[PDB]
Amino acid sequence: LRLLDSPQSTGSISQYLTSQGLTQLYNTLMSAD
Amino acid sequence: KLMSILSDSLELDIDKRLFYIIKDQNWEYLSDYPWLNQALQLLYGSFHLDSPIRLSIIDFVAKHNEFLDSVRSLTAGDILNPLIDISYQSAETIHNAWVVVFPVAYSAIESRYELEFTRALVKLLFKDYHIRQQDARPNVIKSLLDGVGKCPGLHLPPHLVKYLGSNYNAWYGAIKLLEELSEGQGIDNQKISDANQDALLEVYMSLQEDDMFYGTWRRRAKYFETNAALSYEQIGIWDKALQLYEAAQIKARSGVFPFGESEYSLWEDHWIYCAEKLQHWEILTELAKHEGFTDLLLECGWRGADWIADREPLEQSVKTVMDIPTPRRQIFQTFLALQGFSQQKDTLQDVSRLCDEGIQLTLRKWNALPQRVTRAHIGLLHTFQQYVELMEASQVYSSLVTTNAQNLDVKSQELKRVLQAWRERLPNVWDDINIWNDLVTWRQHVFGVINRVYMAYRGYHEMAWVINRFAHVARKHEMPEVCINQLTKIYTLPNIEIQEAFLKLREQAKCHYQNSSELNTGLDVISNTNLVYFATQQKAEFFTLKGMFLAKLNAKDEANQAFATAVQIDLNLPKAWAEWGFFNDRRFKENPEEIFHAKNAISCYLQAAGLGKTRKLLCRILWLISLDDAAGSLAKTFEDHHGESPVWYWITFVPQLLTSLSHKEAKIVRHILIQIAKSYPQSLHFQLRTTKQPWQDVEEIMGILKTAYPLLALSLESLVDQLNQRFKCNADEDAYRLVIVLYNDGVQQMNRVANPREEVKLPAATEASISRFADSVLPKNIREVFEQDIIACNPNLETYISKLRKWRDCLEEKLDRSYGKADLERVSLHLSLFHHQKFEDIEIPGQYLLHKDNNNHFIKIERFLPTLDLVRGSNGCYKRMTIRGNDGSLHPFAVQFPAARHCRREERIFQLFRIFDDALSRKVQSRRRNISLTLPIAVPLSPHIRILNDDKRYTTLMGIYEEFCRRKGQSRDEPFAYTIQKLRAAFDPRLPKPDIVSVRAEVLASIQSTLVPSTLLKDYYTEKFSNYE
Amino acid sequence: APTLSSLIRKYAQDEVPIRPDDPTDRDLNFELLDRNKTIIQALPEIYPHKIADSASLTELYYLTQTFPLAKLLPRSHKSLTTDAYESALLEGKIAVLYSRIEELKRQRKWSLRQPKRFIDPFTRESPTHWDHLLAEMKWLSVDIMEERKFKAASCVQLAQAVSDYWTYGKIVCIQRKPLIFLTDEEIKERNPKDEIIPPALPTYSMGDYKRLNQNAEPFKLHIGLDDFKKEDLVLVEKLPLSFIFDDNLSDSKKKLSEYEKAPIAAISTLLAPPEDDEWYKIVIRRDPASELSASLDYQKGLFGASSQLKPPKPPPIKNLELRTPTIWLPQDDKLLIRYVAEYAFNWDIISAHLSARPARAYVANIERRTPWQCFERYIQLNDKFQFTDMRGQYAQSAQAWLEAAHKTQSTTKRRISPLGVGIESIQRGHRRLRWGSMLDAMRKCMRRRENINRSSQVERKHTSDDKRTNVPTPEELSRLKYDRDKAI
Amino acid sequence: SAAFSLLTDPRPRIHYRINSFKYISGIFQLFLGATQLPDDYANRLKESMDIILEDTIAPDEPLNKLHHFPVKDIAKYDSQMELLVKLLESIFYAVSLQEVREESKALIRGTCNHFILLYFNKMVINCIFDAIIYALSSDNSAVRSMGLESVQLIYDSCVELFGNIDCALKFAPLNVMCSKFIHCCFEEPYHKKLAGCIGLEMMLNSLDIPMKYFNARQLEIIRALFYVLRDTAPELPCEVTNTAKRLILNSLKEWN
Amino acid sequence: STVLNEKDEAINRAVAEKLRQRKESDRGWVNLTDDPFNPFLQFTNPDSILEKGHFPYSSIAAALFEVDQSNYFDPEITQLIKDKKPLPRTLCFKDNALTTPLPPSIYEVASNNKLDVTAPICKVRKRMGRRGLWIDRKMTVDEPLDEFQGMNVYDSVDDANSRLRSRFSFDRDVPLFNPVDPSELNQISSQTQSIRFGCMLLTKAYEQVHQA
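Protein chains in written order, with the entry's author numbering: chain G, 361 to 393; chain B, 2436 to 2491, 2521 to 2919, 2938 to 3093, 3097 to 3177, 3281 to 3617; chain Y, 164 to 353, 411 to 528, 534 to 713; chain F, 975 to 1099, 1122 to 1252; chain H, 431 to 578, 602 to 665.
This is the structure in structure tokens:
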């Protein structure tokens, strides 16, 4: 199980892959303070 | 005296002496002289002196018995004391003796004291006086780790083993110690297993054995993204690996799945790695500036900003990172010194001193690495080239300082000499592109300085040349459009010559033609976008590319027009001819036989034949002439084609051509066969003899080959006739072959029968075969078994199989009774006398089957060795000669008298896979790992005799099984008996049938558990290979 | 060399079975080791001396069925092996066995599951006269059987002694003692010793026993010395007497039939409760204290007694003042302390351990850990450092370097010595805050790739066509090439 | 491995060379002590010579299958044989040392007698000859003298055991040694040719006149000597050519 | 680290379901399925199998583990078997003195590692009797047994051997092998029974695997 099992994931990265999505993510995470 | 005192003072027990050595002795002299000799003497002090040493006419008998009594009573002193006294001269004896002795002494330690011994050994290894033992090759630490690895149950800390293996040239011992604990551990041992895997990955990365490195991560890693990215990176494509790492990092930082720092460090570092390999230097500049790194020098100066300007930040960075110096940093510092010498700020002596220090550093780094040449040494070899060419550049600068005013032609000769020497010194295509880019950019720096000093043209034409070569190498790596685009943009150098600028523009236009934009626009932009300027070859290539792009779609007429234009641009260019031929062949394949475009296709193939790697065209020519032509129009086109055919490249396609000679293409192939006969006789002679009104032509070429080169024909036919006549099988060999065939048939009938094989009777064919074997074979155990089998009209399959197995065993014992070794002179006088009586040179048979291009450097036979070895094989006994070569290298050869009826098909498959091997050993990704299909070399001497390269030490897996059974004592047919009995007992008529697959699987599981253990090959090769390297 | 049929016949001839109570080459190899490491254990024959670990099959079924492997195997992304399929088939067998067990239990045909049986309250309380009579029963009956066997053994031993005397000669006779004859006046006025514990013979009685089934010698039928070499005396005296009529007047009590203790009715062969013949087996075991780790014991030679650390300076760098501080996290401080305490002050090994990075890692300037950095951090964190206390080569050079660094720190406000910061104030170069700059690089990479994609796209959207008039066949071109070749 | 090099090399002190020879001799004696002959050598040997006089010893051993004695690790057996040959080669070379000479001589005579006895026992149902050829091949005079004395003792022991020259040569390793010398006359290396030629010279001169056997083998001897004459290139030293010419022109006159 | 929570909640669910099963079954019934040691089996230990990989699998190889002397235990004894509590009437002797009672050793039927308990050296009771104390014995290991014109019946050695073999075949010190195996009750050989049981189990396992 340790070798063959991978944690699940959700397909929320479709919008983030675009450069504008990365700009938005960078702005949100930088200003998380 | 000193050793006697120190030994008899201590306790006689070996375990106490071992504890005293490991824990008590301080080894005051800091191991300048390997103290393992003293430790070995102390350990040997425990040995007894009573001579347990064992392995695992009347007057004459009395004297011999007295001598034998003298031989016995050989005490351990007579062996150990010489060993003690000889270990002083050489350290290899000390190392071997310690490796032999240490596990036995360790075994005496009871389990109660094991932890104390491990702690004492760790403390001994941790002491710092060993740092002066780095240079000795059989040093103490290597022997200690080897002995520790030999004795099971002792587990050292992982990072300690990594450090000792890395810094003391004990790499493979460290690998063994890390791999023993990496696998086969309990669930509670996950932490130590993870640490051991981490250490093993450190070692694997250090040795640059990146394949096992990537394998170990892909096995250990948990996330799917890491696995996919690592596999895509290992294959060689980098952009998709970059994208996968991008997705993995974004997913991890968005909290979509759990965030683990482990493998997140891997994602970060490997993203940086793939970014720098893909030549994203400008992007990495700001990252290096913001985070702080050591690649700031790598990207900012070595590939970005100029060193002659803004020197102070680069000097500060180098001084900051100069701590724990490594080669590459020394190249950076030396380059700073040299560029300063360009401005006359620094003298040449300073540069020479820096290069000397760097050379010493690289020699030390090389000495650290293991003795055998691995992939790791490639970087050090590149660094050696870097230093040598740096010295050449320093001499160039010294000469260039005295520009001699307008007398540039005075030093231009030396400048051209050095530049032409540089132009023929490049890394191979399969080297990593990082090395290529490093070298190219450094030479860009040097050429830029030469341009600066030089401000009937004297300019930087080497700039464009190295850029074009780098672009070609990037194309061979199948790297994405970014790198080739950057190279093409740099090709259009600012303030370049008009011709160089035009050539760069033409190259950019060709690259755009390779892109979809120019292809979509058409031939006006693909091949006519100002690309044609004093370069007819470039215009022809662009037109050919446009034609290929048109032929990709359904634009047949446009493709034909483009190919015609390309051919008319330059008729001598072969690539356009080949592309036109391939397009015509595609048309012939797509359209039916109603259109005979093969008339043009074969003509353009023949005129493109003039060119290496032309074998594709010849194969297509043979295929095209093999198909239908009622009027033989393609035959006339082949005959009327006045273009010269390459006789040498038809050598490989001799068997297919000879086979086709019988068909309607005889008038076509006869001329080429005659041409290949006179020019290269020996390659055709063997095949033409083997193949022997179809046969009348064979006699015609035989007569032609006899008329010219008569001595060669005489010598070859004499050699073949002597090999055929003098080498023959005995009646015992024939009986053994018949028994083997009968046993194979019986085993197949018994095992493959759908019935439960409960003593199922055999047909009359088995009885007839048994009677024939009994009649033909000489009276022996095999003959008796065959007669007994023939006695029963319808015997059970089990009884017949048992009788055949007994007969085969008896025949095998009889064959193996005779000694394998023999002499060549007695069996055949002529072969041993061949080299004296040979008239002219002969190359070793089978050399022409290879894919070389010239006949100049073939190995020629010197003399048959007098030692003829007889070897028992699967089919039967075969004779093994040993032909010596002109260069002095042996070429063992095996002779197969029975041969087979299907040898032609085997030879054809061999040819095909040799072609695949030739194509496979040129591609960058395949060659980087040294991949080869290692086919044998087999040439048919006569219709019944073939010889194949059979070097010694080829032991078949069946041989491994035989050795295992022989050592254990089990009979060879034990699993077969187990399977047949279990299958017979499973099918009980009392209740209905079971599932055949299930019972077969359970029988196989039982066989694996009891009869043949899973760890068979591993144990065999562990006892076969002692040293872990 | 046996024939093939001989092998197929042999495997059908069953196999000689090895009983559980039988030396199987997996033992203590007798008392080869020290007596102080061996312990004698006396267990009743009913109970087992050795037990194998196991977990209830229901637990195994639930743990395997919470996530079966047959779902994972088709979805694998890593190389398989026979062992994985072995495990999958084994868990499938677990599942099918449990399913069949449950199906049998549902049909109320499972022997292991039975209703609880009623118990009479009166019987279990007090012992009646008949039960005491049955205790005396069992005891005298075992006594009579063993007495008959012992008497037969002793009588046949006496007969064998007589036969041996009548053959080897008066040698086996007693050595005799002088005869004390008394006078007429005297008549005028007128093992073999000590609580003997005679054993009894095994049970073969009479017919088989003249063949004398003996280990190597006649058995011990009388042991009255009672010492038992002083080793087995406690074994003899502390074994419970078996089949005792009266339990030393301890209450009343009552011994019931063994089939009455069990609520199960023993309806199956497997459900047979123990025979309870009241026997004790004797087994020797390795002492658990012996397996415990113990301090090393040995004898010193000429020297080595109290041979006896010191922190020598690692090689310092050339005197400079352009370095950058190396920030140490609290976890790094703990690791450094633990290693320095454990790693025997070998600064190279500590620097190697802290700077172990498994995937082509570029070391940040702040995070780099060379041996000199580890030494500086240890000196800073110790706070008990003394300059003159240090001993070893490189002492003076490192002392001078430290003095120069301290003077530079005093004169110039810039920090050269490493400094520690808590996890709250993570600085620029740390691994925790790489993601900002990295994401900046990621965004620029996306920008470059989109520039390559969008720019290529519009240029790709073009079209044009040309006339194919006067197309020339290649044959005319071959003739032209041949004419050119003839010209040249 | 280092013992061989140290024994060959004269640069190290003689003490280490003596110790290396002692180690080599100890290993060789350890190997020799394994294949022990039956204790009752006299009566069994007499019965064996009676059986071989009956001339039916060889066919009796094989069963219906020719091979009846199983063996294990044939590659290990070959490696052991090679190691034994190399150890005996080192033993021969050790005779050159003055301190070693006496014990090396005693050991070599003892192993010669043991090898002839072992060959006799096997024939009732080797590798000494290769070391003999090496010793005859050596340039050092003492090694050549040792080899010549060793072959002389081979013949002397053979004639002592069988009792006469005519009876010995029939069932002796003399024929096998002859075949080995003739075969090594065909070998490629020069020094092996020299060893074979000198061995044939002594066998045809010093041996006690077995003229009929050499008359039978004259054709093979002539062919082998012509081959050794042909193969040796003129650029090499001509001692083998002169020896072969002398042997041819004397032997061809002798028994014809 | 959420996998640790997943694993611990899986254990919690398993133990909760075991508890509910035992509470629903034990009320009015005696269920021995959950108890691992209650139907105690003294398995044989053949040495033929050597590789020892996945011992439960390889039904033919596992068939060598013939069960001998099956037994049932009091629930308190089974409870003492669980955990490391010593048996009720254990007597441990060391240096001629009583020490704390020792728990049974734990051995792996698969692993061939050395164990710390040997075979029973001897069997003995201590019984008072009318003469005095006695120490009865049986042999720990069984003997190989049977170690020893028309013919007249008295001279017939075979008939006398038959008498002395039948008369001493049911009250031996150690009983015969008499394994409790289903082979005899199925009227078929043990080999065929084991092979077909393994076949059925493997077929059902494969169909279960192919189900999902």
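By construction, the Cβ of each residue, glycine as well, lies at the ideal position given by its N, Cα and C atoms.
Exercise. With 7 Å as the threshold, decide whether the Cβ of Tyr-386 of chain G is near any Cβ in chain Y.
Key: Cβ-Cβ to chain Y under 7 Å: yes for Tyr-386 of chain G.
Quiz item: At a Cβ cut of 9 Å, what residues of the segment 200 to 213 of chain Y count as close to chain H, listed as they run along the chain?
Solution: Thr-201, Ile-202, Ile-203, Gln-204, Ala-205, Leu-206, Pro-207, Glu-208, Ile-209, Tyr-210, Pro-211, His-212, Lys-213
Practice problem: List the residues of chain B that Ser-478 of chain H touches, going by C-beta distances under 9 Å, in chain order. | Solution: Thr-3598
Quiz prompt | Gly-645 of chain Y - DSSP class collapsed to helix/strand/coil | solution = Of the three classes helix, strand and coil, the one that applies to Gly-645 of chain Y here is strand, per DSSP.
Quiz item: So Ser-2657 of chain B is in the alpha helix (DSSP H); what residue range does that whole segment cover?
Solution: 2654 to 2670
Quiz item: Where are the beta strand (DSSP E) runs, 3 residues long or more, that stay fully inside the segment 3454 to 3522 of chain B, in chain order?
Solution: 3455 to 3460, 3465 to 3473, 3478 to 3484
Practice problem: Name, please, each residue of chain Y whose Cβ falls closer than 9 Å to the Cβ of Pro-534 of chain H. | Solution: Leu-206, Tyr-210, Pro-211, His-212, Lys-213, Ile-214
Self-check item: Members of the segment 481 to 499 of chain H near chain B, C-beta cut-off 7 Å
Solution: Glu-481, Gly-483, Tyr-487, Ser-488, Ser-489, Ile-490, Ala-491
Quiz prompt | Cα-Cα separation between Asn-1136 of chain F and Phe-1066 of chain F, rounded to whole angstroms | solution = 11 Å
Exercise. Could you spell out where the beta strand (DSSP E) holding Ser-703 of chain Y opens and where it closes?
Key: No beta strand (DSSP E) holds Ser-703 of chain Y; the alpha helix (DSSP H) holding it covers 699 to 712.
Quiz item: Using a C-beta cutoff of 7 Å, does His-655 of chain Y count as contacting chain D?
Solution: The structure shown has no chain D; the protein chains it does contain are G, B, Y, F and H.
Practice problem: Would you tell me roughly how many angstroms separate the C-alpha atoms of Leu-554 of chain Y and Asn-2653 of chain B, rounded to the nearest one? | Solution: 28 Å
Quiz prompt | Contact check, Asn-3082 of chain B vs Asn-3066 of chain B, beta carbons under 7 Å | solution = yes
Exercise. Determine the direct distance from the alpha carbon of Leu-1132 of chain F to that of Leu-1144 of chain F, and round the result to whole angstroms.
Key: 7 Å
Practice problem: Mind reading off the beta-carbon distance from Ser-379 of chain G to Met-671 of chain Y? Whole number of angstroms is fine, and I expect it under 8 Å. | Solution: 4 Å
Exercise. Give the DSSP-derived three-state secondary structure of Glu-3431 of chain B in the structure shown.
Key: strand
Quiz item: Is it the case that the CB of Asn-1087 of chain F approaches a heavy atom of the ligand PLP more closely than 6 Å?
Solution: This structure does not include the ligand PLP; it has no bound ligands of any sort.
Exercise. Measure the C-alpha to C-alpha separation of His-3490 of chain B and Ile-3497 of chain B and round it to an integer number of angstroms.
Key: 11 Å
Quiz item: beta strand (DSSP E) containing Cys-3398 of chain B: first to last residue?
Solution: Looking at the DSSP string, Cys-3398 of chain B is not in any beta strand (DSSP E); the run it does join, the alpha helix (DSSP H), is 3385 to 3405.
Quiz item: Thinking just about the alpha-carbon of each residue, which of B:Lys-3556, B:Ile-2440, B:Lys-3316, B:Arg-3560 is nearest to the one in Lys-520 of chain Y?
Solution: Answer by Cα proximity: B:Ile-2440.
Quiz prompt | Residue of B:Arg-2817, B:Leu-2760, B:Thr-3470 minimising C-alpha distance to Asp-3538 of chain B | solution = B:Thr-3470
Quiz item: Can you name the residues of chain Y whose CB is closer than 8 Å to the CB of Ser-379 of chain G?
Solution: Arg-668, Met-671, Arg-672, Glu-675
Practice problem: Look at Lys-2741 of chain B and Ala-2584 of chain B and say whether their C-beta atoms are less than 7 Å apart. | Solution: no
Practice problem: Would you mind stating whether residue 782 of chain Y and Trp-302 of chain Y have Cβ atoms separated by less than 7 Å? | Solution: One cannot answer for residue 782 of chain Y here, as it falls past the ends of chain Y, which runs 164 to 713.
Quiz item: Thinking C-alpha only, which one of F:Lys-1096, F:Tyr-990, F:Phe-1005, F:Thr-982 is nearest residue 1120 of chain F?
Solution: Absent here is residue 1120 of chain F, because the residues of chain F run from 1099 on to 1122 with nothing modelled in between.
Exercise. Rounded to whole angstroms, what's the CA-CA distance from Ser-2442 of chain B to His-2559 of chain B? Just pull it up for me.
Key: 21 Å
Quiz item: Using the beta-carbon of each residue, which ones in chain B are nearer than 7 Å to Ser-366 of chain G?
Solution: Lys-2686, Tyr-2687, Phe-2688
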